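So the chains spell out like this:
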Amino acid sequence: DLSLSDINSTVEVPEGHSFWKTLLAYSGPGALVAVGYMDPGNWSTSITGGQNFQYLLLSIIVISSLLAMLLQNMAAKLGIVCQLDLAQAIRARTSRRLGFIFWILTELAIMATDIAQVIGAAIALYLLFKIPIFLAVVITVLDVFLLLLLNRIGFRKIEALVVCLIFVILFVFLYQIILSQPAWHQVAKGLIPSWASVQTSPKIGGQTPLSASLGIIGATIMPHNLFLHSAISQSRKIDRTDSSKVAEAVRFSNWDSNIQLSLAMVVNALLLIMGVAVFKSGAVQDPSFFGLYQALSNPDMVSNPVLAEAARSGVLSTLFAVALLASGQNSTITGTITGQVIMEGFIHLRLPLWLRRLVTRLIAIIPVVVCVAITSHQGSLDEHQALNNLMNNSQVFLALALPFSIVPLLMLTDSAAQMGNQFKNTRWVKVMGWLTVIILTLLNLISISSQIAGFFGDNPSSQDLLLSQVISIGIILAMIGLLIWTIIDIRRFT
């Protein structure tokens, strides 16, 4: 009846005021959440953002991460104080049909992330081991056994394995930056919140600073990682009777989550400066993983003789594909955990990790093998580009399931009927939290029309455009109705 019954309140190791060892104990949840924010689904968008705007968008990244650190912490709080995840709170404060709508929506979000990671991992196999593109996908389907071995290890080593992947993809991209020797003064100048990133005048590569900045801000959080954080935050036993120990617990999970999401921010920065210093100006013409592979393997694309010799040897591209692999291993863990959370929390369905990863992976790979089937039917022409367009088109479900995950979180944590007058949010995080939630909801509701119109490709059929407008209006209006309904129920609880 409690979230993550297998590993809920497992190891509690606060030992008086020995704070840093205590920090070493529970440092796992923050990493499990942060590794999701390093998935390849936006890697190109960073590199592109670096080529179109050298170091300019870095500050935006920071801001985004900060916002991601805020809401995530809130989620952790809901897990630590209430001893129940976000899905159990929402489902407990609304009917079953709303919990079912939220269930299918979040399932579609984690399904979208799973699509990004199966595409990135399959391509990673196509680049490293030269496995055929169609075989690499059905090889990625075999991650259920890696989940079976993953199940017997334990969170003290699983949550450290996630750290291992994090520093793998962090040191892979940091190594290519160390060889690049970039002008770190311009990097520092770019990290400052300047007003050149909010303008619309450069328009390099069909992208203005305000478009890229609002895109980075719009994709701030992932809805599934909120339920994930609220669930894994409970894995540390708390008496819930001593205010100093639960306040200490909040400091604990906060410093952990910031320590890891800061690493994710560092990875995004390494991707932007990867697009600025490593690649030449405008050298990246194919945002696909294969385009970045050949671009990292062509000496004329880099801006340094050392990177030209190393690129000719073929080490940059292989490290890139290794980073694709280490990033593609995330949904096997966080996808199954979060899927269990929303499943047994929203619809009260107890399913094993076997059929979970089976169903999610199959539903994820169906459109992938359809895309590879059509493109390979065209002669393997534009197959990687179409895989990239599938990966980017999949991210609409996140915008569909974002407000129904950030609004109920902020409401339930701001109310005293769930947190109490002692552990509710400060008047500071009320203003910042509501501002962030409003901005993200508006920006994603704007993104719905752009992505739905993007489903029809870069060929604008005049009759299909109006249909995209009708479908977009219907979707955003339906999300408005669901949003005001959830607002009404939660505000009826408070």
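Going by the header, the method for this PDB entry is X-ray crystallography, and the resolution given is 3.600 Å.

## Describing the overall build of the chain
Helix and strand counts for the chain come out as 24 helices and zero strands. Its C-alpha atoms give the chain a radius of gyration of 22 Å, within 12% of the compact-globule value 23 Å for 494 residues. Counting only C-alpha atoms and orienting by the principal axes, one finds that the chain spans roughly 65 × 60 × 50 Å. Within the span of the chain, comprising 494 residues, buried residues form 54% of the whole.

## Concerning helix α11 (residues 209-218)
Every buried residue belonging to α11 is among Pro-209, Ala-212, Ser-213, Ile-217 and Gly-218, and all of these are buried. Of the surrounding elements, those touching the buried residues of α11 are α4 (58-82) and α23 (427-454).

## Examining the environment of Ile-60
Here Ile-60 shows up in helix α4. The class for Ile-60 is buried, based on a relative accessible area of 7%. Distance in space between the C-alpha atoms of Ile-60 and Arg-96 is 39 Å, their sequence separation being 36 residues. Apart from residues lying up to four places away in sequence, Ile-60 is in contact with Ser-197, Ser-213, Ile-216 and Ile-217.

## Quick notes on the packing of aromatic side chains
Applying the stated criterion to the full structure yields 11 aromatic pairs. Taken together, a centroid distance of 5.6 Å and an interplanar angle of 65° make the contact between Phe-227 and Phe-346 edge-to-face. One end of the pair, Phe-227, is in helix α12 (residues 223-232); the other, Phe-346, is in helix α17 (residues 331-347), with 119 residues separating them in the sequence. Aromatic ring contacts, followed pair by pair, group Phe-102, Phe-227, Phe-346 and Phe-404 into a single cluster.

Reading the values: the criteria
- Residues numbered from 1 in each chain as written, not as in the entry; some residues may be left out.
- Heavy atoms only, no water.
- Helix = DSSP H or I, 4+ residues; strand = E, 2+ residues; numbered from the N terminus.
- Rg over C-alpha atoms; globule rule 2.2 N^0.38 Å.
- Buried < 20%, exposed > 50% of the residue type's maximum accessible area, 1.4 Å probe, protein only.
- Contact = heavy atoms within 4.5 Å.
- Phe/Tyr/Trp six-rings, centres within 6.5 Å; stacked < 30°, edge-to-face > 60°.

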